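Just below is one structure, and these are the notes that go with it.
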Amino acid sequence: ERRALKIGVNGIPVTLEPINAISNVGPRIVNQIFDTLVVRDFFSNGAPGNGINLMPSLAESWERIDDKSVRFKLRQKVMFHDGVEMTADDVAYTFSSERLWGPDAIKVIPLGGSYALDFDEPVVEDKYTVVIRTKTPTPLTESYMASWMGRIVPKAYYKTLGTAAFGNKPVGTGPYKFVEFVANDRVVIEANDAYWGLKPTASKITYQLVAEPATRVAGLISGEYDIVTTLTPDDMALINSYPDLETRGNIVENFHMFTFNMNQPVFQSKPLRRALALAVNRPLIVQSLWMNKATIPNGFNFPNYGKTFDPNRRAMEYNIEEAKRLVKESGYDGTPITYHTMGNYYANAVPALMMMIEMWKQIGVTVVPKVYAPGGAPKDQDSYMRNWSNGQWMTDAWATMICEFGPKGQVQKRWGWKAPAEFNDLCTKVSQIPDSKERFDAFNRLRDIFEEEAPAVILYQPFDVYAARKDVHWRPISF
């Protein structure tokens, strides 16, 4: 009745601490180990997979008290995997200054600051009642608690171990409990039959890194894997020709990109960054490698932003006449520039890069691929161009333009983008005003600045494909 699942994955996260595991490969594991206060009903209001009504989870109920404060009434007798009962203390600690958004917390959850709402210290009213507060008004508290920032950690155990060591031996309240983590290789979790919710339906889950997609497809065909991730539309015909197997594909609320180390002199200024951006022929890449199933957004602008999505925004520019003119202006000597990619951690990363190398050769720039295996990431000083993705994890344009690219983010702080002052002032402004024409127009100005500055270059939203045995009716890979 309960089988051990073997999942062939594109990558293994560097840690299982839930915030530091935020990546394309960590949530699928940490979402089984941990729970959130509330969850999104992805099928609410007729939504075919990405709906937004919030439903109870670790919180049985919740009440917004005012524009800064939300009271959560917690489920009782919820046990962490080590037998310690979850209480309001744990929830308060999860969103505390000490763990998440204060100055010392920034050092160990480097991105806790940039991804935190403007929290004030939570208040514990009683064993099962906590109030989550913000120093300034924000309507996002409740939906943030359903996000990948909201996974609840055990205060005593986490504080004792510290963020790094906790990430190697995580304890949560989720339906599966930690067994093993071998860096760059596998994670094993096992059924938690003390789970407060529905009993787990698998006895154990092993996430095994299988770097090459063709090896993952061959492993599903041979029965070595029950489920495999991060395939492309091109793999679908072969898999679906096996009656026992099937594929599932969808546009995901994530965009692939390439970006730059702007601490490097070659990328400290926008001309050469923008030149590389304007030479990307996105429709050709989508037609060649994605069977025309990947979507090209009209800027840093996605429908899940709701009131801050602009359906009439212009397309991102393709102008090799201007790209050639900007290469000449930059004084680009012709020196080869590396583009680092961890194989096909991102689906079609290497074939899209090879097509972009040809496009960049056509505008006078020489880009050379530097393909590395998991754990072989270069030091920041050795990184120039690289690929990345951003998951659009809020129903508001604050994520990821402000999270990642704003003044508190890693693109400016770690990777050296010296953003125009109007950009950082607009980031500050949008975060202190409600949904309105002012806020909507402000995000459009930020999008315009993003395209002019090219701290990153959006490629497309991938058509993510996974595959599985038809007789495997539950798949913990987080669509």
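By convention here, the chains of the structure tokens are called A, B, ... in the order presented, each chain's residues are numbered starting at 1, and ligands are numbered starting at 1 in the order presented.
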- Message: as a ChimeraX atom specification, please: the residues near segment 412-416 of chain A (cut-off 8 Å, only C-alpha atoms, same-chain neighbours under 2 positions excluded).
- Response: /A:260-263,268,405-410,418-419
Would you mind exporting the chosen residues as a PDB file, in the first residue's frame, restricted to N, CA and C atoms?
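Written output follows (selection-v8.pdb):
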ATOM      1  N   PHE A 260      24.710  39.075 -14.386  1.00  0.00           N
ATOM      2  CA  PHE A 260      26.089  39.489 -14.399  1.00  0.00           C
ATOM      3  C   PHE A 260      26.647  39.740 -13.039  1.00  0.00           C
ATOM      4  N   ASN A 261      27.966  39.601 -12.911  1.00  0.00           N
ATOM      5  CA  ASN A 261      28.647  39.988 -11.691  1.00  0.00           C
ATOM      6  C   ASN A 261      29.083  41.426 -12.012  1.00  0.00           C
ATOM      7  N   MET A 262      28.326  42.402 -11.516  1.00  0.00           N
ATOM      8  CA  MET A 262      28.563  43.815 -11.777  1.00  0.00           C
ATOM      9  C   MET A 262      29.657  44.420 -10.888  1.00  0.00           C
ATOM     10  N   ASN A 263      30.273  43.616  -9.995  1.00  0.00           N
ATOM     11  CA  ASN A 263      31.511  43.990  -9.330  1.00  0.00           C
ATOM     12  C   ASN A 263      32.659  43.912 -10.387  1.00  0.00           C
ATOM     13  N   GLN A 268      30.402  46.667 -14.840  1.00  0.00           N
ATOM     14  CA  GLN A 268      30.071  47.710 -13.857  1.00  0.00           C
ATOM     15  C   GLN A 268      29.073  48.747 -14.411  1.00  0.00           C
ATOM     16  N   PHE A 405      16.120  42.569  -6.690  1.00  0.00           N
ATOM     17  CA  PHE A 405      16.765  43.676  -7.397  1.00  0.00           C
ATOM     18  C   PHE A 405      16.707  45.020  -6.660  1.00  0.00           C
ATOM     19  N   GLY A 406      15.954  45.097  -5.567  1.00  0.00           N
ATOM     20  CA  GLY A 406      15.868  46.320  -4.781  1.00  0.00           C
ATOM     21  C   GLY A 406      17.112  46.596  -3.963  1.00  0.00           C
ATOM     22  N   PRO A 407      17.153  47.766  -3.300  1.00  0.00           N
ATOM     23  CA  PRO A 407      18.369  48.140  -2.553  1.00  0.00           C
ATOM     24  C   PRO A 407      18.823  47.186  -1.435  1.00  0.00           C
ATOM     25  N   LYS A 408      17.899  46.435  -0.831  1.00  0.00           N
ATOM     26  CA  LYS A 408      18.239  45.449   0.206  1.00  0.00           C
ATOM     27  C   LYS A 408      18.628  44.056  -0.396  1.00  0.00           C
ATOM     28  N   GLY A 409      18.405  43.851  -1.699  1.00  0.00           N
ATOM     29  CA  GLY A 409      18.672  42.582  -2.364  1.00  0.00           C
ATOM     30  C   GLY A 409      20.115  42.244  -2.663  1.00  0.00           C
ATOM     31  N   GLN A 410      20.315  40.997  -3.093  1.00  0.00           N
ATOM     32  CA  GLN A 410      21.620  40.430  -3.427  1.00  0.00           C
ATOM     33  C   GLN A 410      22.190  40.899  -4.752  1.00  0.00           C
ATOM     34  N   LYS A 418      24.903  48.912  -9.410  1.00  0.00           N
ATOM     35  CA  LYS A 418      24.723  50.251  -8.864  1.00  0.00           C
ATOM     36  C   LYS A 418      23.480  50.794  -9.551  1.00  0.00           C
ATOM     37  N   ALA A 419      22.323  50.585  -8.916  1.00  0.00           N
ATOM     38  CA  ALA A 419      21.050  50.966  -9.508  1.00  0.00           C
ATOM     39  C   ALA A 419      20.842  52.476  -9.495  1.00  0.00           C
TER      40      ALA A 419
END
- Query: When you draw a straight line from atom CA of residue 160 of chain A to atom CA of residue 123 of chain A, how long is it in Å?
  - Reply: 21.4 Å
- Counting only C-alpha atoms, which of A:116, A:266, A:251, A:84 gets nearest to residue 97 of chain A? A:116
May I have a table of the residues of segment 294-382 of chain A lying at most 12 Å from segment 177-185 of chain A, giving each one's closest pair of atoms and their distance in Å to one decimal, counting only C-alpha atoms, ordered by chain and ascending residue number, as CSV?
residue,atom,partner,partner_atom,distance
A:342,CA,A:184,CA,11.9
A:373,CA,A:184,CA,9.1
A:374,CA,A:184,CA,5.9
A:375,CA,A:184,CA,6.6
A:376,CA,A:184,CA,10.0
A:377,CA,A:184,CA,11.8
- Message: With only C-alpha atoms as the counted atoms, please give the residues lying no more than 9 Å from segment 270-273 of chain A, apart from itself and same-chain residues fewer than 2 positions off, as a PyMOL selection string.
- Response: chain A and resi 259-260+266-268+275-278+323+326-332+452-457
- Task: Could you please write out, as a VMD selection string, every residue of segment 84-209 of chain A that DSSP assigns to alpha helix (DSSP H)?
- Result: chain A and resid 88 to 94 105 to 108 112 to 115 141 to 144 155 to 161 163 to 166
Could those selected residues go to a file with C-alpha atoms, as a short mmCIF file (atom, residue, chain, number, x, y, z; two decimals), in the first residue's frame?
data_model
loop_
_atom_site.label_atom_id
_atom_site.label_comp_id
_atom_site.auth_asym_id
_atom_site.auth_seq_id
_atom_site.Cartn_x
_atom_site.Cartn_y
_atom_site.Cartn_z
CA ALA A 88 3.21 29.97 19.49
CA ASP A 89 6.82 30.28 20.70
CA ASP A 90 7.99 28.38 17.65
CA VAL A 91 5.95 30.50 15.27
CA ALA A 92 7.16 33.69 16.95
CA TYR A 93 10.80 32.52 16.66
CA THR A 94 10.33 31.62 12.97
CA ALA A 105 20.13 36.98 11.36
CA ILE A 106 21.25 38.49 7.98
CA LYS A 107 24.64 36.88 8.44
CA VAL A 108 23.31 33.28 8.45
CA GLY A 112 16.26 36.89 5.21
CA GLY A 113 16.40 40.68 5.20
CA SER A 114 15.58 41.17 1.50
CA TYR A 115 12.79 38.57 1.52
CA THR A 141 1.19 39.07 5.76
CA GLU A 142 -1.34 36.28 5.36
CA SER A 143 -0.26 35.24 1.81
CA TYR A 144 3.42 35.52 2.88
CA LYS A 155 12.61 27.29 18.32
CA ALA A 156 14.58 25.38 20.98
CA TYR A 157 16.21 22.88 18.67
CA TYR A 158 16.91 25.36 15.87
CA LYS A 159 18.34 28.00 18.24
CA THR A 160 20.54 25.43 19.93
CA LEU A 161 22.01 24.12 16.68
CA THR A 163 20.89 27.93 11.19
CA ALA A 164 23.77 26.05 9.45
CA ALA A 165 23.79 22.90 11.60
CA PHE A 166 19.95 22.85 11.69
#
- Message: My list of candidates is A:104, A:85, A:67, A:98. Which is closest to residue 127 of chain A when distances are computed with only C-alpha atoms?
- Response: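 Closest candidate: A:85.
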